[PDB]
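Peer 1: My file is structure.pdb. It has PDB, C-alpha atoms:
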MODEL        1
ATOM      1  CA  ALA C  10       5.748 -14.872 -61.387  1.00  0.00           C
ATOM      2  CA  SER C  11       3.941 -16.036 -58.293  1.00  0.00           C
ATOM      3  CA  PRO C  12       3.515 -12.445 -57.066  1.00  0.00           C
ATOM      4  CA  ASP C  13       0.825 -13.713 -54.680  1.00  0.00           C
ATOM      5  CA  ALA C  14       3.629 -15.652 -52.998  1.00  0.00           C
ATOM      6  CA  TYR C  15       6.216 -12.871 -52.625  1.00  0.00           C
ATOM      7  CA  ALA C  16       3.676 -10.552 -50.980  1.00  0.00           C
ATOM      8  CA  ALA C  17       2.290 -13.150 -48.583  1.00  0.00           C
ATOM      9  CA  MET C  18       5.964 -13.351 -47.478  1.00  0.00           C
ATOM     10  CA  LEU C  19       6.351  -9.565 -47.208  1.00  0.00           C
ATOM     11  CA  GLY C  20       3.242  -9.245 -45.033  1.00  0.00           C
ATOM     12  CA  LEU C  21       5.199 -10.937 -42.288  1.00  0.00           C
ATOM     13  CA  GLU C  22       8.167  -8.551 -42.436  1.00  0.00           C
ATOM     14  CA  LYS C  23       5.504  -5.839 -42.592  1.00  0.00           C
ATOM     15  CA  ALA C  24       4.126  -7.009 -39.235  1.00  0.00           C
ATOM     16  CA  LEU C  25       7.602  -7.612 -37.790  1.00  0.00           C
ATOM     17  CA  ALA C  26       8.531  -4.044 -38.737  1.00  0.00           C
ATOM     18  CA  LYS C  27       5.702  -2.840 -36.469  1.00  0.00           C
ATOM     19  CA  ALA C  28       6.899  -5.126 -33.659  1.00  0.00           C
ATOM     20  CA  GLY C  29       8.125  -3.892 -30.327  1.00  0.00           C
ATOM     21  CA  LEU C  30      11.068  -6.337 -30.378  1.00  0.00           C
ATOM     22  CA  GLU C  31      14.265  -4.303 -30.797  1.00  0.00           C
ATOM     23  CA  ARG C  32      15.558  -4.610 -34.323  1.00  0.00           C
ATOM     24  CA  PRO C  33      19.162  -5.566 -33.503  1.00  0.00           C
ATOM     25  CA  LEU C  34      17.730  -8.628 -31.795  1.00  0.00           C
ATOM     26  CA  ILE C  35      15.463  -9.802 -34.608  1.00  0.00           C
ATOM     27  CA  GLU C  36      18.491  -9.408 -36.879  1.00  0.00           C
ATOM     28  CA  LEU C  37      20.459 -11.682 -34.570  1.00  0.00           C
ATOM     29  CA  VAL C  38      17.468 -14.028 -34.750  1.00  0.00           C
ATOM     30  CA  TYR C  39      17.350 -13.910 -38.523  1.00  0.00           C
ATOM     31  CA  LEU C  40      21.091 -14.228 -38.973  1.00  0.00           C
ATOM     32  CA  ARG C  41      21.363 -17.111 -36.528  1.00  0.00           C
ATOM     33  CA  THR C  42      18.566 -19.204 -37.944  1.00  0.00           C
ATOM     34  CA  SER C  43      19.913 -18.605 -41.481  1.00  0.00           C
ATOM     35  CA  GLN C  44      23.189 -20.092 -40.317  1.00  0.00           C
ATOM     36  CA  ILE C  45      21.400 -23.162 -38.948  1.00  0.00           C
ATOM     37  CA  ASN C  46      19.313 -23.652 -42.117  1.00  0.00           C
ATOM     38  CA  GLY C  47      22.151 -23.031 -44.535  1.00  0.00           C
ATOM     39  CA  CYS C  48      20.583 -20.129 -46.462  1.00  0.00           C
ATOM     40  CA  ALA C  49      23.755 -18.395 -47.587  1.00  0.00           C
ATOM     41  CA  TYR C  50      21.707 -15.690 -49.251  1.00  0.00           C
ATOM     42  CA  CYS C  51      19.868 -14.898 -46.023  1.00  0.00           C
ATOM     43  CA  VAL C  52      23.064 -15.024 -43.962  1.00  0.00           C
ATOM     44  CA  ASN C  53      24.762 -12.476 -46.190  1.00  0.00           C
ATOM     45  CA  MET C  54      21.690 -10.233 -46.221  1.00  0.00           C
ATOM     46  CA  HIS C  55      21.075 -10.053 -42.478  1.00  0.00           C
ATOM     47  CA  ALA C  56      24.722 -10.089 -41.524  1.00  0.00           C
ATOM     48  CA  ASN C  57      25.135  -6.862 -43.466  1.00  0.00           C
ATOM     49  CA  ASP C  58      21.748  -5.577 -42.263  1.00  0.00           C
ATOM     50  CA  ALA C  59      23.025  -6.071 -38.707  1.00  0.00           C
ATOM     51  CA  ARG C  60      26.156  -4.173 -39.654  1.00  0.00           C
ATOM     52  CA  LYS C  61      23.804  -1.492 -40.975  1.00  0.00           C
ATOM     53  CA  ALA C  62      22.033  -1.271 -37.660  1.00  0.00           C
ATOM     54  CA  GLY C  63      25.471  -1.113 -35.906  1.00  0.00           C
ATOM     55  CA  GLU C  64      26.538  -4.566 -34.854  1.00  0.00           C
ATOM     56  CA  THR C  65      30.186  -5.250 -34.184  1.00  0.00           C
ATOM     57  CA  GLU C  66      32.297  -7.696 -36.043  1.00  0.00           C
ATOM     58  CA  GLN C  67      33.059  -9.426 -32.781  1.00  0.00           C
ATOM     59  CA  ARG C  68      29.473 -10.334 -32.025  1.00  0.00           C
ATOM     60  CA  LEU C  69      28.779 -11.155 -35.691  1.00  0.00           C
ATOM     61  CA  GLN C  70      31.546 -13.759 -35.686  1.00  0.00           C
ATOM     62  CA  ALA C  71      30.532 -15.083 -32.292  1.00  0.00           C
ATOM     63  CA  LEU C  72      26.855 -15.816 -33.138  1.00  0.00           C
ATOM     64  CA  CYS C  73      27.774 -19.035 -34.913  1.00  0.00           C
ATOM     65  CA  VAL C  74      28.833 -20.097 -31.415  1.00  0.00           C
ATOM     66  CA  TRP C  75      26.999 -17.670 -29.114  1.00  0.00           C
ATOM     67  CA  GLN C  76      26.214 -20.245 -26.473  1.00  0.00           C
ATOM     68  CA  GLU C  77      29.863 -20.259 -25.440  1.00  0.00           C
ATOM     69  CA  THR C  78      30.368 -16.492 -25.544  1.00  0.00           C
ATOM     70  CA  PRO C  79      29.985 -13.573 -23.094  1.00  0.00           C
ATOM     71  CA  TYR C  80      29.067 -11.142 -25.827  1.00  0.00           C
ATOM     72  CA  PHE C  81      25.297 -11.481 -25.633  1.00  0.00           C
ATOM     73  CA  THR C  82      22.924 -10.351 -22.926  1.00  0.00           C
ATOM     74  CA  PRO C  83      20.602 -12.566 -20.917  1.00  0.00           C
ATOM     75  CA  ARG C  84      17.657 -11.308 -22.957  1.00  0.00           C
ATOM     76  CA  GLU C  85      19.547 -12.008 -26.156  1.00  0.00           C
ATOM     77  CA  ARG C  86      20.639 -15.434 -24.980  1.00  0.00           C
ATOM     78  CA  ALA C  87      17.070 -16.327 -24.146  1.00  0.00           C
ATOM     79  CA  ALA C  88      15.814 -15.351 -27.559  1.00  0.00           C
ATOM     80  CA  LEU C  89      18.678 -17.177 -29.163  1.00  0.00           C
ATOM     81  CA  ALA C  90      17.888 -20.391 -27.400  1.00  0.00           C
ATOM     82  CA  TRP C  91      14.239 -20.126 -28.451  1.00  0.00           C
ATOM     83  CA  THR C  92      15.306 -19.444 -32.007  1.00  0.00           C
ATOM     84  CA  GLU C  93      17.778 -22.361 -31.942  1.00  0.00           C
ATOM     85  CA  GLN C  94      15.289 -24.902 -30.719  1.00  0.00           C
ATOM     86  CA  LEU C  95      12.514 -23.689 -32.976  1.00  0.00           C
ATOM     87  CA  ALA C  96      14.899 -23.882 -35.973  1.00  0.00           C
ATOM     88  CA  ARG C  97      15.630 -27.504 -35.148  1.00  0.00           C
ATOM     89  CA  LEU C  98      12.010 -28.494 -34.551  1.00  0.00           C
ATOM     90  CA  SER C  99      12.647 -31.414 -36.914  1.00  0.00           C
ATOM     91  CA  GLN C 100      14.840 -33.089 -34.342  1.00  0.00           C
ATOM     92  CA  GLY C 101      13.410 -32.522 -30.941  1.00  0.00           C
ATOM     93  CA  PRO C 102      10.598 -31.671 -28.652  1.00  0.00           C
ATOM     94  CA  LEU C 103      11.226 -28.309 -27.143  1.00  0.00           C
ATOM     95  CA  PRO C 104      12.526 -28.508 -23.552  1.00  0.00           C
ATOM     96  CA  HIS C 105       9.710 -27.767 -21.157  1.00  0.00           C
ATOM     97  CA  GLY C 106      11.670 -25.023 -19.444  1.00  0.00           C
ATOM     98  CA  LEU C 107      12.218 -22.999 -22.596  1.00  0.00           C
ATOM     99  CA  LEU C 108       8.875 -21.201 -22.592  1.00  0.00           C
ATOM    100  CA  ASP C 109       9.224 -20.446 -18.870  1.00  0.00           C
ATOM    101  CA  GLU C 110      12.801 -19.208 -19.121  1.00  0.00           C
ATOM    102  CA  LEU C 111      11.723 -17.020 -22.047  1.00  0.00           C
ATOM    103  CA  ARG C 112       9.107 -15.395 -19.817  1.00  0.00           C
ATOM    104  CA  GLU C 113      11.847 -14.323 -17.396  1.00  0.00           C
ATOM    105  CA  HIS C 114      13.156 -11.922 -20.070  1.00  0.00           C
ATOM    106  CA  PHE C 115      10.240 -11.081 -22.393  1.00  0.00           C
ATOM    107  CA  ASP C 116       6.690 -10.013 -21.721  1.00  0.00           C
ATOM    108  CA  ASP C 117       3.995 -12.144 -23.256  1.00  0.00           C
ATOM    109  CA  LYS C 118       3.536  -9.910 -26.324  1.00  0.00           C
ATOM    110  CA  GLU C 119       7.259  -9.755 -26.982  1.00  0.00           C
ATOM    111  CA  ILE C 120       7.256 -13.555 -27.065  1.00  0.00           C
ATOM    112  CA  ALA C 121       4.675 -13.621 -29.859  1.00  0.00           C
ATOM    113  CA  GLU C 122       6.783 -11.089 -31.705  1.00  0.00           C
ATOM    114  CA  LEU C 123       9.885 -13.160 -31.097  1.00  0.00           C
ATOM    115  CA  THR C 124       7.971 -16.166 -32.347  1.00  0.00           C
ATOM    116  CA  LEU C 125       6.753 -14.552 -35.570  1.00  0.00           C
ATOM    117  CA  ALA C 126      10.246 -13.307 -36.228  1.00  0.00           C
ATOM    118  CA  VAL C 127      11.615 -16.819 -35.980  1.00  0.00           C
ATOM    119  CA  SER C 128       8.764 -18.283 -37.966  1.00  0.00           C
ATOM    120  CA  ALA C 129       9.085 -15.598 -40.641  1.00  0.00           C
ATOM    121  CA  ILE C 130      12.785 -16.252 -41.186  1.00  0.00           C
ATOM    122  CA  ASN C 131      12.296 -20.007 -41.101  1.00  0.00           C
ATOM    123  CA  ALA C 132       9.843 -19.464 -43.953  1.00  0.00           C
ATOM    124  CA  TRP C 133      12.275 -17.257 -45.919  1.00  0.00           C
ATOM    125  CA  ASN C 134      15.211 -19.624 -45.388  1.00  0.00           C
ATOM    126  CA  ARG C 135      13.085 -22.305 -47.094  1.00  0.00           C
ATOM    127  CA  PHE C 136      12.334 -20.164 -50.153  1.00  0.00           C
ATOM    128  CA  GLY C 137      15.988 -19.288 -50.376  1.00  0.00           C
ATOM    129  CA  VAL C 138      17.373 -22.775 -50.017  1.00  0.00           C
ATOM    130  CA  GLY C 139      14.703 -24.332 -52.218  1.00  0.00           C
ATOM    131  CA  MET C 140      15.252 -21.996 -55.180  1.00  0.00           C
ATOM    132  CA  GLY C 141      19.061 -22.140 -55.044  1.00  0.00           C
ATOM    133  CA  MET C 142      19.396 -18.447 -54.236  1.00  0.00           C
TER
ENDMDL
END
Could you show the structure in this file as C-alpha cells?

Peer 2:
Amino acid sequence: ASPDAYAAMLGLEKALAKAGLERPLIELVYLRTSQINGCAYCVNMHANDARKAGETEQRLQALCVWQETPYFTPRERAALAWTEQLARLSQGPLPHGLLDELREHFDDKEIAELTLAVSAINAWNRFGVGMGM
C-alpha cells in the first residue's frame, strides 16, 4: 500500500525494457548483483528468467565465480566487472581503468544502459532484502 513506490520501481524496468543492451546480458547483470547483495528472491527470479531467455545451466552455475571461468565473452566480462564494482560501492573507489575498459566493449549509450540496469537491480535488491522477501 505504497503503490507510488512500486510504480516508481517499475518505471526503471520499463526504461530498461526499451534498452539496446541485449537481454541475456542484463539478466546476467541482475542475477550477479543479486548474488552479491544476498537477495534470494531476486536470485531465484532472474536465474529462472535467464533460463527463460535460454541460458545454460553451466553458465548459470559459473556466474557466482565468473571471473575464473572461460564461459563468458569479453563484452560480458566487462559488464560483469562494472556490475561487481558498482555493487560493492560501499567498500571501494572504482578502479580508474574500469570506465575506460568498459568503453572498449560498449558504446557510450550502451554504458548508460548498463549503468541503469545495475542501478535498477541494486534498488530492487534493497527492497527485497529490507522487506524479508

Peer 1: Region 71-81 of chain C: which residues within 9 Å, counting only C-alpha atoms, same-chain residues fewer than 4 positions away excluded, as a list in words?

Peer 2: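 Near neighbours after the sequence-gap exclusion: residues 37, 40, 41, 44, 45, 66, 67, 85, 86, 89 and 90 of chain C.
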
Peer 1: Output the selection as an mmCIF file, keeping the file's coordinate frame - C-alpha atoms for each residue.

Peer 2:
data_model
loop_
_atom_site.group_PDB
_atom_site.id
_atom_site.type_symbol
_atom_site.label_atom_id
_atom_site.label_comp_id
_atom_site.auth_asym_id
_atom_site.auth_seq_id
_atom_site.Cartn_x
_atom_site.Cartn_y
_atom_site.Cartn_z
ATOM 1 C CA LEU C 37 20.459 -11.682 -34.570
ATOM 2 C CA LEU C 40 21.091 -14.228 -38.973
ATOM 3 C CA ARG C 41 21.363 -17.111 -36.528
ATOM 4 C CA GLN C 44 23.189 -20.092 -40.317
ATOM 5 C CA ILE C 45 21.400 -23.162 -38.948
ATOM 6 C CA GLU C 66 32.297 -7.696 -36.043
ATOM 7 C CA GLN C 67 33.059 -9.426 -32.781
ATOM 8 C CA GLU C 85 19.547 -12.008 -26.156
ATOM 9 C CA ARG C 86 20.639 -15.434 -24.980
ATOM 10 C CA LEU C 89 18.678 -17.177 -29.163
ATOM 11 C CA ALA C 90 17.888 -20.391 -27.400
#

Peer 1: Go ahead and compute the interatomic distance for CA of residue 22 (chain C) and CA of residue 132 (chain C), in Å to one decimal.

Peer 2: 11.1 Å

Peer 1: Could you check how far CA of residue 31 (chain C) sits from CA of residue 138 (chain C), in Å to one decimal?

Peer 2: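 Distance reported for this atom pair: 26.8 Å.
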
Peer 1: For the structure shown, which residues end up in the PyMOL selection byres ((chain C and resi 142) around 10)? Put them as a PyMOL selection string, please?

Peer 2: chain C and resi 48-51+134+136-141

Peer 1: Once the PyMOL selection byres ((chain C and resi 107-117) around 8) has been evaluated on this model, what residues remain selected, and can you format them as a ChimeraX atom specification?

Peer 2: /C:83-84,87-88,90-91,103-106,118-121

Peer 1: Please define a box with edges along x, y and z of the file around all atoms of region 15-27 of chain C given in the file, extend it by 8 Å on each side, and return its centre and edge lengths in Å to one decimal, as JSON.

Peer 2:
{"center_x": 5.4, "center_y": -8.1, "center_z": -44.5, "size_x": 22.2, "size_y": 26.5, "size_z": 32.2}

Peer 1: Would you compute the distance between CA of residue 32 (chain C) and CA of residue 17 (chain C)? Give it in Å to one decimal.

Peer 2: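 These two atoms are separated by 21.3 Å.
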
Peer 1: Which one is closest to residue 27 (chain C): C:11, C:68, C:125, C:131? Count only C-alpha atoms.

Peer 2: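 Closest to residue 27 (chain C), using only C-alpha atoms: C:125.
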
Peer 1: From the options C:92, C:70, C:16, C:65, which residue's atoms come nearest to residue 126 (chain C), counting only C-alpha atoms?

Peer 2: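 Of C:92, C:70, C:16, C:65, the one nearest residue 126 (chain C), counting only C-alpha atoms, is C:92.
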
Peer 1: Taking (25.8, -8.0, -43.5) in the coordinates of the supplied file, I want to know which residues reach to within 10 Å of it, counting all atoms listed in the file; could you give the answer as a list in words?

Peer 2: residues 36, 40, 51, 52, 53, 54, 55, 56, 57, 58, 59, 60, 61, 62, 64, 66 and 69 of chain C

Peer 1: Please determine, counting all atoms listed in the file, which residue among C:98, C:33, C:26, C:15 has the shortest atom-to-atom distance to residue 133 (chain C).

Peer 2: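 When distances to residue 133 (chain C) are compared using all atoms listed in the file, the smallest one comes from C:15.
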
Peer 1: Counting all atoms listed in the file, which of C:96, C:123, C:28, C:14 gets nearest to residue 42 (chain C)?

Peer 2: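 Closest residue, counting all atoms listed in the file: C:96.
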